[PDB]
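# Geometric and topological summary
The residues making up each chain are set out below.
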Amino acid sequence: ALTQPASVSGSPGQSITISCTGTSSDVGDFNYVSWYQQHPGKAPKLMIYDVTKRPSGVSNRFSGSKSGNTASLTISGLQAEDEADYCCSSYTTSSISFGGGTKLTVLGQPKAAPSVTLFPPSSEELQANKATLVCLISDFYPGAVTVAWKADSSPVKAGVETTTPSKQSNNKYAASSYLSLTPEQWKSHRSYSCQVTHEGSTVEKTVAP
Amino acid sequence: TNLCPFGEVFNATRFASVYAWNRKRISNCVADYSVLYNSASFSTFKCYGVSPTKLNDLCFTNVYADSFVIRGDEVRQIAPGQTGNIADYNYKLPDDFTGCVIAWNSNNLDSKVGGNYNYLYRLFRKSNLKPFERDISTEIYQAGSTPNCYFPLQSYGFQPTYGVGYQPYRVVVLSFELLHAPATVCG
Amino acid sequence: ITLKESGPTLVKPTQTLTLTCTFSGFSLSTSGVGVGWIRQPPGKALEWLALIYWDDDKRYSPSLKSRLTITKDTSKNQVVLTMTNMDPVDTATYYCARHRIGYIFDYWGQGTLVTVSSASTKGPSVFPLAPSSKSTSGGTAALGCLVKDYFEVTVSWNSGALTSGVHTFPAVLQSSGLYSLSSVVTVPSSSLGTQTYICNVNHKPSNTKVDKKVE
């Protein structure tokens, strides 16, 4: 019922617009359009209601308008802080309609190398005849990494499970990679390592019994 | 000394259906009519037989305030001399009307998703209403002779998607009566 | 000012979901106000479900109407949603929010994750992630705790006293079908052994809290 572009991109300081089209047979005069901002894993926040109005405490950089059956959210003076998905909402004769988000990506963001902390199996987990290595990756801006595990110097591919990347509050990305193994496999081998490759450069951390 | 409580009329939490229109009697108070006339929140403010500026200079024995909801198309029927579903069968102004007809768009309050059905109008009656008559009966109307029989009320079904002609309007009709009796409503 | 859904819930297929919204700051008796329910399936669009108005008018998704019910209790300031014949396609976050026509929805709840699966509920195994010389980066030391093999947890630190430097990572879905996650906090290296650090791990589907000391 409501159709939005999947993605829009703008560079800092400039203005961007996200359009929201309603089928003519569904929305009638298309009187009430609301716009929501939602940050990853967080609730929608109302930015524009009634096509053009701002709730108090929303910055004047956000504005909404309409023409025919297409409403527009406009953002001026783009800041990195307002990367998010923007979702429009309206009425049909029977329901409330939303249509899919628009992910807004602010461009020009500085590239950033991953920060890697690697944790050995706890002694308490080792008591319970299990062992897990925990490789936490964080604060990389181009949102893809590759993660490689290795025992001593031999590549390990078994018992490795790696999350997909996820976007953080500071618009950098995070991931985590777990290597599971038996306590006796951990006592065997001098060292285990986690290798994070980002943008052709590798940050590697090793842990030892 | 008491100020006339127009807020209980214009700002009431429920308005009536037009076939069951509400009447508020306004008595023993001072009314500033300009405060209302210059708010700019009224899409209709048409006074018949008097000017709203001169009205703060005048005294009346009683003021009646009749309020209801109709669709925007029908606001024109709240006037002396009109015919139509609302004028003939719901709320009728005398041809000699001295008062004011105030209306405003209430779509953001009186529509709802899937339609608001609470507001009804009378579609059929045996005869036209007399001025300021009210009919709240729910008898089956006979257009024929079998005991062609219709339920006499129809819902407005206000939809947030409607164009303005079909959106709900709150109406307030102020009647100023001047009788050979003590005046109690003055500006 | 506030709305809050009831806790995250596991629901067996074909059985019925029941959620409760508790709100504060406004009355569901005041004219024009309603409270509705909206869901978002992972990586999918917001989908309106149901609405209840100040005068007890009820409205529902036309396609889902036969499965939905909504109730209000103005004395308890709560609104209750029920949904029937639950299926794994209905796994989603479920939100309540305040309605007034002019703005559609303004204040939203934080949302509650509903999971439809025949798999059973498994609470977490919480293990400490001790700070060490190999987790030291100048003045900052990393410590955490590992929340292992559950079925989807929140983590605070020192009962909410410790918030800066906390990074709870999103969970991994193991080939076993169970989840694991980690939370790590960066504290001052000198602080260690001067300050006691506990992580507070709340599941909720299994009604399990664990406060794990990390030494």
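In terms of determination method and resolution, the entry is listed under X-ray crystallography at 2.20 Å.

The name the PDB entry gives chain B is Spike protein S1, with Severe acute respiratory syndrome coronavirus 2 as the organism.

## Quick notes on the overall build of chain B
Summing up its helical and strand segments, chain B has five helices and twelve strands in all. In terms of overall size, chain B behaves like a compact globule, its C-alpha atoms giving a radius of gyration of 17 Å where 187 residues would be expected to give roughly 16 Å. With respect to the three principal axes, the spread of C-alpha positions in chain B is 55 × 40 × 25 Å. Burial status across chain B gives 49% buried among its 187 residues.

## Focus on the environment of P170(C)
The topology assignment puts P170(C) in the loop between β15 (166-168) and β16 (172-173). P170(C) gets classed as partly exposed once you look at its relative accessible area, which sits at 33%.

## Quick word on the side chain of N90(B)
For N90(B), the location among the structural elements is in the loop between α4 (85-89) and β6 (99-105). Those residues in contact with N90(B), other than ones at most four positions away along the chain, are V18(B), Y19(B), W21(B), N85(B), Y121(B), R122(B), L129(B) and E133(B).

## Some details on the sheet that holds strand β3 (residues 16-22) of chain A
Residue and element names in this part refer to chain A. Ordered by their spatial adjacency, four strands build an open sheet running β1-β3-β7-β6, and the pairing between neighbours is antiparallel. Because the sheet does not close on itself, it has two edges, and the strands there are β1 (2-3) and β6 (62-67). As paired elements, β1 and β3 share two bridges and run antiparallel to each other. Bridge pairing in β3 places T3 opposite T21.

## Concerning the environment of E204(A)
Residue and element names in this part refer to chain A. Considering the arrangement of structural elements, one finds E204 in strand β19 (residues 201-207). For the pair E204 and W149, spaced 55 residues apart in sequence, the C-alpha separation works out to 9.5 Å. When sequence neighbours within four positions are dropped, the list of residues in contact with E204 reads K150, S193, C194 and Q195. A distance of 3.4 Å separates a polar atom in the side chain of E204 from a polar atom in the side chain of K150.

## A word on the state of the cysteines
Enumeration according to the criterion identifies seven disulfides over all chains in this entry. The disulfide partner of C20(A) is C88(A), and the S-S distance across this bridge is 2.1 Å. Taking the torsion about the sulfur-sulfur bond, which here is approximately 70 degrees, the covalent link between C20(A) and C88(A) counts as right-handed. Here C20(A) is found in strand β3, whereas its partner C88(A) is found in strand β8 (residues 84-91), with 68 residues between them in sequence. Given the relative accessible area of 0%, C20(A) is considered buried. For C88(A), a relative accessible area of 0% corresponds to the buried category. With a sulfur-sulfur separation of 2.1 Å, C21(C) is cross-linked through a disulfide to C96(C). Measuring the twist about the S-S bond at about 65 degrees, one finds the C21(C)-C96(C) disulfide to be right-handed. With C21(C) in strand β3 (residues 17-24) and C96(C) in strand β9 (residues 92-99), the pair connects residues that are 75 residues apart, well separated along the chain. An identical accessibility class is assigned to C21(C) and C96(C); each is buried. In chain A, the bonded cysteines, numbered by position in the sequence, are linked as 1-2, 3-4. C88(A) supplies the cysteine sulfur nearest to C87(A), a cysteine that is in no disulfide, at a spacing of 5.7 Å.

## So, the interface of chain A and chain B
Listed as interface residues are ten residues of chain A and, on the opposing side, eleven residues of chain B. At the boundary of chain A and chain B, one finds zero salt bridges. Counting across the interface, chain A meets chain B through six residue pairs in polar contact. Residue classes in the side of chain A that touches chain B are distributed as four nonpolar, five polar and one charged.

## Some details on the UniProt feature "disulfide bond" in chain B
Residues and elements named next belong to chain B. At 2.1 Å between sulfur atoms, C47 and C100 form the disulfide that UniProt records. A residue pair is termed long-range when its members are at least 10 positions apart, and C47 in strand β3 (residues 44-48) and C100 in strand β6 qualify at 53 residues. A residue is classified by how much of its surface remains accessible, and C100, at 2% relative accessible area, is buried. Look at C59 and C186: UniProt has them disulfide-bonded, and their sulfurs are 2.0 Å apart, which fits a closed bridge. Take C59: its relative accessible area is 35%, and that puts it in the partly exposed class.

## Examining the pattern of salt bridges
Taken as a whole and assessed by the stated rule, the structure comprises 25 salt bridges over all chains. A salt bridge links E125(A) to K148(C); the nearest nitrogen and oxygen atoms lie 2.9 Å apart. Placement of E125(A) in helix α2 (residues 123-127) and of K148(C) in strand β13 (residues 140-150) is noted, with the two residues assigned to different chains. Just as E125(A) is buried, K148(C) falls in that class too. Note that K112(B) is salt-bridged to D55(C), the shortest N-O span being 2.9 Å. Within this pair, whereas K112(B) is found in the loop between α5 (107-110) and β7 (120-122), its partner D55(C) is found in the loop between β5 (47-53) and β6 (58-60), the two belonging to separate chains. By relative accessible area, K112(B) is classed as buried at 0%. On the accessibility criterion, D55(C) (26% relative accessible area) is partly exposed. Salt bridges sharing common partners tie together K112(B), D55(C), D57(C) and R59(C).

## As for the domain arrangement of chain A
Interface extent is often summarised as the accessible area lost during association of the parts. The domain architecture assigned to chain A consists of domain 1 (2-106) and domain 2 (115-207). Centre-to-centre separation of domain 1 of chain A and domain 2 of chain A, based on C-alpha positions: 39 Å.

## Examining the interface of chain C and chain A
Opposite the 42 residues of chain C that make contact, chain A presents 41 residues. Across the chain C to chain A interface the summed buried area is about 3,200 Å²; carbon plus sulfur atoms make up 68%. Ranking the residues of chain C by area buried against chain A places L46(C), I104(C) and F169(C) at the top, with a combined share of 18%. Joining chain C to chain A, the criterion identifies two salt bridges. The interface formed by chain C and chain A holds eight residue pairs in polar contact in total. Contributing elements (two or more residues each) for the side of chain C that touches chain A: β4 (34-40), β5, β9, β11 (125-129), β13 and β17 (179-188) of chain C. Ranked by residues supplied to the side of chain C that touches chain A, first place goes to β13(C) with five residues. Of the residues belonging to the side of chain C that touches chain A, the class tally is 26 nonpolar, twelve polar and four charged.

About the thresholds
Per chain, the count goes from 1 following the written sequence and can depart from the entry's numbering; residues without coordinates do not appear at all. Naming scheme: in the order in which they are written, chains are lettered from A and ligands are numbered from 1. Where side-chain values are given, they derive from all heavy atoms of the structure, hydrogens and water being excluded. Residues with missing side-chain atoms are left out of burial classes, side-chain pairs and their counts. Helix and strand assignments come from DSSP, with helices taken as H or I runs of at least 4 residues and strands as E runs of at least 2, each series counted from the N terminus. For the radius of gyration, the atoms used are the C-alpha atoms, and the globule rule reads 2.2 Å times the number of residues raised to 0.38. Exposed residues in this analysis have more than 50% of their type's maximum accessible area, buried residues have under 20%, and partly exposed residues fall in between, with area computed by a 1.4 Å probe over protein chains only. What makes two residues a contact is simply this: any of their non-hydrogen atoms within 4.5 Å. The pairing criterion for strands is at least two bridges between them, as found by DSSP. N or O atoms within 3.5 Å of each other form a polar contact, as long as, within protein, one can give a hydrogen and the other can take it, and as long as residues adjacent in sequence are counted only when both atoms are side-chain atoms. For this text, the term disulfide refers to a pair of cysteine sulfurs within 2.5 Å. Salt bridges are defined by distance alone: a side-chain nitrogen of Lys or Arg within 4 Å of a carboxyl oxygen of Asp or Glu. Note on residue classes: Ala, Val, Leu, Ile, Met, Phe, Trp, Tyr, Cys and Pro are nonpolar, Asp, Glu, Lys and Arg are charged, and everything else, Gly too, is polar. UniProt positions are given in the numbering used here, feature names are shortened, and annotations may be inferred rather than shown by experiment. An automatic or database domain assignment supplies the residue ranges for each domain. When two components associate, each loses some accessible surface as probed by a 1.4 Å sphere; the sum of these losses over both components is called the buried area.

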